[PDB]
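Undergrad: show me how the following folds:
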Amino acid sequence: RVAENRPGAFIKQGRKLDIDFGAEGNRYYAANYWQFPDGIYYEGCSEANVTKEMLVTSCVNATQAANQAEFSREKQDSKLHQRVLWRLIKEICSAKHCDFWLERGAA
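TA: Numbers count the residues shown, from 1 in each chain. Sure, the structure comes next:
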């Protein structure tokens, strides 16, 4: 299989979501949700030493690396799109959670 389905890759189902981006972003998303990813192909989970803060940050970084063309094309004019899109990418990255996560203990 070709490396198009690489860690960070968008999953565009075209499903409308419910997120408070802020007044302008809310209107923008409501009118343009078809363009956006509904999910993201990323699997940060490996072992209990990996934390949520680590995973969410790494997911954003993976998403950047995977979908460079999308961001590059849009950014230079589509300034509002980038803001709204990143807020949603973060929502997705925050949502995906590891089964092994537990209450760690250290001195």
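
Undergrad: stretch 16-27: end-to-end distance?
TA: Using Cα to Cα, to the nearest Å, the end-to-end distance of stretch 16-27 comes out at 13 Å.

Undergrad: please identify the buried residues of that stretch?
TA: For stretch 16-27, the neighbour count (16 or more other Cβ atoms under 10 Å) marks 21, 25 as buried. Where you see a C-beta, it was placed from the backbone N, CA and C, and this is true even at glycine.

Undergrad: which residues are contacting it?
TA: With Cβ atoms under 8 Å, 6 or more residues apart in numbering as the test, stretch 16-27 has contacts from 28-30, 33, 38, 80, 83-84, 87-88, 91.

Undergrad: kindly report the same for stretch 31-50.
TA: Outside stretch 31-50, the residues touching it (Cβ under 8 Å, 6+ apart) are 5-17, 29, 54-55, 58-59, 62-63, 81, 84-85, 88-89, 92-93, 96, 98-102, 104.

Undergrad: residue 5: neighbour count?
TA: A count of nearby residues for residue 5, using other Cβ atoms under 10 Å, gives 10.

Undergrad: check contacts around it.
TA: residue 41.

Undergrad: residue 70 sits in which helix or strand?
TA: Using DSSP states H and E, residue 70 sits in helix 68-75.

Undergrad: can you name the element that comes right after that helix?
TA: Downstream of helix 68-75 (by DSSP H and E), the next one is helix 79-95.

Undergrad: which residues are in contact with that next one?
TA: Here helix 79-95 has contacts from 17, 19, 21, 24-25, 28-29, 32, 35-37, 39-40, 42, 52, 55-56, 59-60, 63, 71, 74-75, using Cβ under 8 Å, 6+ apart.

Undergrad: let's see which of these end up in helices.
TA: Members of those lying in helices (criterion: DSSP state H): 24-25, 28-29, 32, 52, 55-56, 59-60, 63, 71, 74-75.
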